[PDB]
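Student: Test case, fold it:
(chains A, B, C, D, E, F, G, H, I, J and K, ligands or ions: 87)
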Amino acid sequence: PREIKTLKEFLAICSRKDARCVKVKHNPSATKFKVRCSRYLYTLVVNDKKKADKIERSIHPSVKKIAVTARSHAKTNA
Amino acid sequence: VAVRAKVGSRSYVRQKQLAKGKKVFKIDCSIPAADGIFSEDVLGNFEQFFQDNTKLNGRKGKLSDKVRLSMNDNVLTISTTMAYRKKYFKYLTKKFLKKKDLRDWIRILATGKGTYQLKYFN
Amino acid sequence: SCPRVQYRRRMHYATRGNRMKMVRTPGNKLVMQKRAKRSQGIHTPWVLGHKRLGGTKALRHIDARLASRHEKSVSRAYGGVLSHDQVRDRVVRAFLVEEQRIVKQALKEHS
Amino acid sequence: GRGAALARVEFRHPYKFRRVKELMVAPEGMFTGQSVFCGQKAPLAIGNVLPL
Amino acid sequence: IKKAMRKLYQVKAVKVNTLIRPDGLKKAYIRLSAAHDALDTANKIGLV
Amino acid sequence: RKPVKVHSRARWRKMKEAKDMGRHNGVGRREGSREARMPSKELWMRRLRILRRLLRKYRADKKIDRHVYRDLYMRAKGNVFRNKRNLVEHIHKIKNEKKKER
Amino acid sequence: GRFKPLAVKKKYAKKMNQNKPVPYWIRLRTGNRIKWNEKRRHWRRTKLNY
RNA sequence: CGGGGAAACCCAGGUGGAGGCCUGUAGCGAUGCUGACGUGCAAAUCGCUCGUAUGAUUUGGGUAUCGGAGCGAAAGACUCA
RNA sequence: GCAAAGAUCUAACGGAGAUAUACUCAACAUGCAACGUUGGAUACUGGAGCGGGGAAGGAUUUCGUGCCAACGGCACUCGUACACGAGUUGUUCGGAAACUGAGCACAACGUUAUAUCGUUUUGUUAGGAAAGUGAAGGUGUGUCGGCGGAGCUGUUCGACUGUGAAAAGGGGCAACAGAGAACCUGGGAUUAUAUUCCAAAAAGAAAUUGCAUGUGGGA
RNA sequence: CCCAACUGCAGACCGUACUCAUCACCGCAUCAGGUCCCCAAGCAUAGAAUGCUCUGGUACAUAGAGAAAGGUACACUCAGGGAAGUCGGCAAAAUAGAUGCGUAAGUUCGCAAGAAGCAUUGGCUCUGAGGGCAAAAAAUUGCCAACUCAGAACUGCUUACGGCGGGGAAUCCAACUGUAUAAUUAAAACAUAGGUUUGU
RNA sequence: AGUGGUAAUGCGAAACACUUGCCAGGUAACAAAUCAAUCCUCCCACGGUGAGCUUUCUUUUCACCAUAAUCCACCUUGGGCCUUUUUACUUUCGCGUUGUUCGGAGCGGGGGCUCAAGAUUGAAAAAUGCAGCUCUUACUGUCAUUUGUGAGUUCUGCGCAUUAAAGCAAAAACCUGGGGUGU
Ligand SMILES: [K+]
Ligand SMILES: [K+]
Ligand SMILES: [K+]
Ligand SMILES: [K+]
Ligand SMILES: [K+]
Ligand SMILES: [K+]
Ligand SMILES: [K+]
Ligand SMILES: [K+]
Ligand SMILES: [K+]
Ligand SMILES: [K+]
Ligand SMILES: [K+]
Ligand SMILES: [K+]
Ligand SMILES: [K+]
Ligand SMILES: [K+]
Ligand SMILES: [K+]
Ligand SMILES: [K+]
Ligand SMILES: [K+]
Ligand SMILES: [K+]
Ligand SMILES: [K+]
Ligand SMILES: [K+]
Ligand SMILES: [K+]
Ligand SMILES: [K+]
Ligand SMILES: [K+]
Ligand SMILES: [K+]
Ligand SMILES: [K+]
Ligand SMILES: [K+]
Ligand SMILES: [Mg+2]
Ligand SMILES: [Mg+2]
Ligand SMILES: [Mg+2]
Ligand SMILES: [Mg+2]
Ligand SMILES: [Mg+2]
Ligand SMILES: [Mg+2]
Ligand SMILES: [Mg+2]
Ligand SMILES: [Mg+2]
Ligand SMILES: [Mg+2]
Ligand SMILES: [Mg+2]
Ligand SMILES: [Mg+2]
Ligand SMILES: [Mg+2]
Ligand SMILES: [Mg+2]
Ligand SMILES: [Mg+2]
Ligand SMILES: [Mg+2]
Ligand SMILES: [Mg+2]
Ligand SMILES: [Mg+2]
Ligand SMILES: [Mg+2]
Ligand SMILES: [Mg+2]
Ligand SMILES: [Mg+2]
Ligand SMILES: [Mg+2]
Ligand SMILES: [Mg+2]
Ligand SMILES: [Mg+2]
Ligand SMILES: [Mg+2]
Ligand SMILES: [Mg+2]
Ligand SMILES: [Mg+2]
Ligand SMILES: [Mg+2]
Ligand SMILES: [Mg+2]
Ligand SMILES: [Mg+2]
Ligand SMILES: [Mg+2]
Ligand SMILES: [Mg+2]
Ligand SMILES: [Mg+2]
Ligand SMILES: [Mg+2]
Ligand SMILES: [Mg+2]
Ligand SMILES: [Mg+2]
Ligand SMILES: [Mg+2]
Ligand SMILES: [Mg+2]
Ligand SMILES: [Mg+2]
Ligand SMILES: [Mg+2]
Ligand SMILES: [Mg+2]
Ligand SMILES: [Mg+2]
Ligand SMILES: [Mg+2]
Ligand SMILES: [Mg+2]
Ligand SMILES: [Mg+2]
Ligand SMILES: [Mg+2]
Ligand SMILES: [Mg+2]
Ligand SMILES: [Mg+2]
Ligand SMILES: [Mg+2]
Ligand SMILES: [Mg+2]
Ligand SMILES: [Mg+2]
Ligand SMILES: [Mg+2]
Ligand SMILES: [Mg+2]
Ligand SMILES: [Mg+2]
Ligand SMILES: [Mg+2]
Ligand SMILES: [Mg+2]
Ligand code: NA
Ligand code: NA
Ligand code: NA
Ligand code: NA
Ligand code: NA
Ligand code: NA
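Tutor: Numbering: from 1, shown residues only, chains lettered A, B, ... in the order given. Ligands and ions are numbered 1, 2, ... in the order given. You can find the structure just below:
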């Protein structure tokens, strides 16, 4: 996995054609934006909640967004 | 380890003391008392039991001012300036429930960090 | 009780190429993972001492093939083959032996 | 299986651009870095190969 | 096997796993792409 | 799923308390040789590393110079000092004598 | 164990297919003389050794 | 590292860890009971006792040498009871 | 005779396998003895294990259901028995493709009335012409840089052919423990397979080949 | 056409169940025999010895009743004597761990040697000794872990788990370690280092 | 048509590009004992959750408390080397090991270069695993938790590496250079 350092680099990753989805992980401290590209999973970590909310709204609607939750065994059976 | 121990030294074992004290343990006996199993005399016996059975510095009964018991609002509060394991007051609770012979009727569970609670078996 | 493990790849012999380490997994299981073999690293010629060269890493096969050319050499002449003391000896010996030939050849021509 | 030391002696190829690397039985006193002369015009020193 | 599934049943196989059975026959585990429903093609074959 | 059957170390832990105080290790309780219970090479390695560690610290603290250190370094290897206190008392004797010559 | 040639695995597979009893309807034919398979094999009795 | 001695050299503590070295597991063998069994568990096994156990050591797979021939630290041993 | 490896006990359920009675008679003195499962009790193995893996060898003994004629030297309701139906999933694991070793022996040559014999790794076949591969250069194609006035000349790199430097020593096999080898966690994914199965939030995170397209830098 | 950062597509072939043994293999068999490799817990203890135990596994080996003689044993004991038994101390008994002291002839000076022999050993409560780190005659000041040895006082013994050399004086043979008649002979036989001779 | 540093040697988004025309080295590639010992294992401590015991003792006994490949940045130990001081070694040198060593053919000291084993930080990754618990049925939800100067441990240091009249396979494949191409 690769880590994104800046916001400008994060936006370039999300604009790629191989950018199937963005997974938003809400840790108690920081928020992680894991972009699922073809070869690598790029993650931008934002410690500030105010900044993290701005980034989530600024993600283009063309790319799919997923809120990462804990799915149950029953939610995935069969 | 560093200094060889003595058998006579078992009359007093030094206990660790918190630098910033006031650690509190709460034992909620509301459910047994609400149903009538824990009556006012049993409530006094429960508070008295912890007073003369809590071993401080290897000694049982002489709680001094370091250990304070305050049974208010049907719960038991244990405020200490010493490093006491929370498991000690679940182990002391079962000794009381066994002597009074209700270890098969009332179970003690953990609700929050620093709180125990008395319930009924499902 | 110490957990007991099994070989997980189809080779079940304790040879130098089949060394394994015990690994505790996120599922709290103890498994065996094969240790990768190591190379001795880039050395000087055996007739010149067989000593590990400076500025060169010890990479094995796939690792040496995908690594950049600087992990395996220096910028000096004979970099990654000879050492600094062996290169300096050749530079001095190349110049000095050539000079003796010129002096001896000039002495022959003068007579 | 042999009690005498062996010497690898490096020669140049007389016709090609390559080294030869002979291997012969070392005489006593042969050392690494010694110059070995083999031929009609070779001097009479220990380790040199000369016609009888 | 992937080409034959295309010609016969007009489906795309994203993965084929094959084993030779202990009675000598070869059995194929053919997984179809998400565009194709395996139950719908099973019904068309006749094995429902 | 039932719990595992109990294998308690309570008896071993009270024995450990007694053995730490010196009990149950007498001459009648010893079945292995003296240098199989504690090897003599382990006692020598421990002592020589202690003696060398102190000598390096005294040199780094300028308590002794390189000529006193080198003399005591070889005397330590030659089994002249039995323990750390024996070496220190020798250092003090050297220092006191060097004061008188000064 | 795990290793066998495919040719050896295919001989063992045929021997597995031949290790079946005679069908019931074979016994009802006109000039029938077969009642049981006389070439039945058990892994513990006789060894193929392929 | 010390102590003697003119010298030659000698004498003491420690360190070190050699050896087809010792005691002893696993392994490899097979001394005695002339034990058990002797239509046996077994067409040579079982028990205790015993030899060796860093080496001329034990062992897997592969490979080479056979019928008047092979191979043998040599018993006419062994070469699919 | 069925005596080495200590050892089983109890209740309930299951089962045809019971608590099975002319008369007399309350029950003992007239249905015995033995099974499988579960829960308890007791014990053994005691990590050089009646533990969990694999090689050789075996080849369906694996799994579920049914079954008790014969077989498991006593018993069986149990079974590695019998019947029926199932089960083995890989870019990365092992092998091969693709390495050499102790070695083998196809070709070649020789021998033999007889090839079904010999040589065939001490760098290496054969009196022995065993190389079909190709540095530069010449000829055209494509991709370029550069000068002069999209075209031409010379020039770098790829493809194409008529001249051809240099490469001595035929072709193979022989290691599932030597060399070599890009994947490893979670799973509610089975009755039986799983670093092999999982499908869009692949539970997922990767690493590697072989080709292409586009962007960027040279030509 | 050559390079990097990607990306798109593709990733063929065989093996894969189970076993690996007091029942899956060889020995006519589900035979106390044989069969390579990996993982290997706690306590006692020098410990992969031996004994017991948590995890995993197992209660499977025809069983029940039950003091005849005579047996077999990975079972014991025996007064007084002590090898008088017997071809012969066969078999059994016996010694035994650790620590200290002490130890003969002979010798290739390495040994013999654990020669031979005396002594102690428990349990408790103490006391010494053996260290690490940090702090500006620091030759002191705090804090702290893992064990070991030595010495006392008190207090016991029915000498009481297992595991664990009996010793000495001589003679004959072979120097030694090794090998060796699978299935009656392990020896003094064979090998050996050392010595000599022969052919070239 | 590479480039920086006195030097040890550093620098990769693609001209620091092509090299099996040719040549030469290296990896593959082999090794005792002692001593340190990695992953892991077992013991301690510290603390939570559940369970066992509780006439009487036991701040108690038992279980669990996990973090896979692959990448990012990168102070601890050990080795090799560089530069500077060498007025470094004797009637008496110094550094170092448990241990047999070493030094004007350059020891020690200051400052650095490099290699090998490891910390440490992060992406993966908690979204997983485990255990408990709450609501109340559904293989249902919610919620709590996630130190060792100890003993082993051959991965490693570790080889021109063992007794030795014993001196411990090879090859494919790959790596780098020398010449040359680019010119
Ligand atoms: K296998
Ligand atoms: K396997
Ligand atoms: K046959
Ligand atoms: K054997
Ligand atoms: K061998
Ligand atoms: K023959
Ligand atoms: K012959
Ligand atoms: K019987
Ligand atoms: K029935
Ligand atoms: K054990
Ligand atoms: K695998
Ligand atoms: K032939
Ligand atoms: K094999
Ligand atoms: K998959
Ligand atoms: K058997
Ligand atoms: K004890
Ligand atoms: K029997
Ligand atoms: K009797
Ligand atoms: K009897
Ligand atoms: K008795
Ligand atoms: K007597
Ligand atoms: K007689
Ligand atoms: K003695
Ligand atoms: K001789
Ligand atoms: K090593
Ligand atoms: K070593
Ligand atoms: Mg190395
Ligand atoms: Mg397959
Ligand atoms: Mg010693
Ligand atoms: Mg001095
Ligand atoms: Mg097998
Ligand atoms: Mg077979
Ligand atoms: Mg020996
Ligand atoms: Mg015999
Ligand atoms: Mg007999
Ligand atoms: Mg008989
Ligand atoms: Mg003996
Ligand atoms: Mg022995
Ligand atoms: Mg033995
Ligand atoms: Mg004879
Ligand atoms: Mg009878
Ligand atoms: Mg019998
Ligand atoms: Mg029995
Ligand atoms: Mg019934
Ligand atoms: Mg009845
Ligand atoms: Mg028991
Ligand atoms: Mg044992
Ligand atoms: Mg067992
Ligand atoms: Mg076992
Ligand atoms: Mg079955
Ligand atoms: Mg029967
Ligand atoms: Mg069948
Ligand atoms: Mg060969
Ligand atoms: Mg030949
Ligand atoms: Mg020839
Ligand atoms: Mg091959
Ligand atoms: Mg090898
Ligand atoms: Mg291999
Ligand atoms: Mg593979
Ligand atoms: Mg299975
Ligand atoms: Mg499989
Ligand atoms: Mg399997
Ligand atoms: Mg099994
Ligand atoms: Mg096995
Ligand atoms: Mg049996
Ligand atoms: Mg058989
Ligand atoms: Mg002990
Ligand atoms: Mg043991
Ligand atoms: Mg039984
Ligand atoms: Mg008597
Ligand atoms: Mg006897
Ligand atoms: Mg004497
Ligand atoms: Mg005489
Ligand atoms: Mg002899
Ligand atoms: Mg011997
Ligand atoms: Mg023999
Ligand atoms: Mg015999
Ligand atoms: Mg002889
Ligand atoms: Mg003689
Ligand atoms: Mg080497
Ligand atoms: Mg990891
Ligand atoms: Na298998
Ligand atoms: Na020794
Ligand atoms: Na039962
Ligand atoms: Na079938
Ligand atoms: Na058990
Ligand atoms: Na007698």
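Student: tell me the SS of whichever residue of chain E sits closest to chain F?
Tutor: Here the residue of chain E nearest chain F is residue E:29; by C-beta to the nearest C-beta that distance is 34.7 Å. Heads up, the C-betas are built off the backbone N, CA and C, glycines and all. Recorded secondary structure, residue E:29: strand (DSSP: H, G, I helix; E, B strand; the rest coil).
Student: so what's it closest to, chain neighbours aside?
Tutor: Sequence neighbours aside, residue E:17 is the residue nearest to residue E:29 in space, at 4.0 Å (criterion: C-beta to C-beta, 6 or more residues apart in numbering or on different chains).
Student: The one you found: what secondary structure?
Tutor: Secondary structure assignment for residue E:17 (three-state DSSP): strand.
Student: sorry, back to before: counting neighbours, what do you get for the residue of chain E closest to chain F?
Tutor: Residues lying near residue E:29 (other C-beta atoms under 10 Å in any protein chain shown) number 10.
Student: For the residue nearest to residue E:29, grab the count of nearby residues.
Tutor: Neighbour number of residue E:17 under other C-beta under 10 Å is 10.
Student: got the contact list for it?
Tutor: Residues near residue E:17 by C-beta atoms under 8 Å, 6 or more residues apart in numbering or on different chains: E:28-29, E:31.
Student: Could you measure from residue C:99 over to residue G:27?
Tutor: For residue C:99, the distance to residue G:27 equals 110 Å [C-beta to C-beta, to the nearest Å].
Student: what does residue A:10 give?
Tutor: Applying C-beta to C-beta to residue A:10 and residue G:27 gives a distance of 80 Å.
Student: One more: residue F:31?
Tutor: For residue F:31 relative to residue G:27 (C-beta to C-beta), the value is 79 Å.
Student: can you check residue B:91 too?
Tutor: 78 Å.
Student: Then residue F:74?
Tutor: Distance from residue F:74 to residue G:27, by C-beta to C-beta: 105 Å.
Student: How many neighbouring residues does residue G:32 have?
Tutor: For residue G:32, using other C-beta under 10 Å, the count is 11.
Student: nearest spatial neighbour of it, skipping sequence neighbours?
Tutor: Spatially, and ignoring its direct neighbours in sequence, residue G:32 is nearest to residue G:26 (6.5 Å; C-beta to C-beta, 6+ apart).
Student: One more: residue E:38?
Tutor: residue E:32 (5.1 Å).
Student: Are we agreed that residue F:44 is in a helix?
Tutor: Yes - applying three-state DSSP, one finds residue F:44 inside a helix.
Student: residues touching it, list them.
Tutor: Going by C-beta under 8 Å, 6+ apart, the list of residues near residue F:44 is empty.
Student: Report the closest residue of chain A relative to chain G.
Tutor: residue A:78 (32.6 Å).
Student: Pull the distance from stretch A:7-20 to the chain's centre.
Tutor: Put simply, stretch A:7-20 sits 10 Å off its chain's centre (C-alpha atoms, centre = their mean, to the nearest Å).
Student: Check which residues of that stretch are buried.
Tutor: Residues of stretch A:7-20 classed as buried: A:10, A:13-14, A:19 (neighbour count, 16 or more other C-beta atoms under 10 Å in any protein chain shown).
Student: Tell me which of these fall in strands.
Tutor: Using DSSP state E, no member of those falls within strands.
Student: Now find how far off-centre stretch B:67-82 is within its chain.
Tutor: 9 Å.
Student: Endpoint to endpoint, it covers what distance?
Tutor: 8 Å (C-alpha to C-alpha, to the nearest Å).
Student: Can you give me the buried ones in that stretch?
Tutor: Those would be B:67, B:69, B:71, B:75-76, B:78, B:80-81, for stretch B:67-82 by 16+ other C-beta under 10 Å.
Student: how about CSV for those, with distance to residue B:50 added?
Tutor: Output for these, formatted as CSV (distance: C-beta to C-beta, whole Å):
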residue, distance to residue B:50
B:67, 9
B:69, 6
B:71, 9
B:75, 13
B:76, 7
B:78, 7
B:80, 11
B:81, 16
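Student: Which parts of chain A are strands?
Tutor: A:2-4, A:21-26, A:31-36, A:41-46, A:64-67.
Student: Show me which helix runs longest in chain C.
Tutor: Assignment by DSSP state H gives helix C:84-110 as the longest helix of chain C.
Student: Any residue of that one touching RNA strand K?
Tutor: Yes - applying C-beta under 7 Å from any atom of the strand, one finds helix C:84-110 in contact with RNA strand K at C:84-85.
Student: contacting residues for the residue of chain E closest to chain F?
Tutor: Residue E:29 neighbours (C-beta under 8 Å, 6+ apart): E:15-19.
Student: how near is the residue nearest the centre of chain B to RNA strand K?
Tutor: Residue closest to the average C-alpha location in chain B (C-alpha atoms, centre = their mean): residue B:89, at 3.4 Å. Remark: distance between residue B:89 and RNA strand K (C-beta to the nearest atom of the strand, to the nearest Å) = 9 Å.
Student: for that residue, phi and psi?
Tutor: phi -90, psi -10 (degrees, to the nearest 10).
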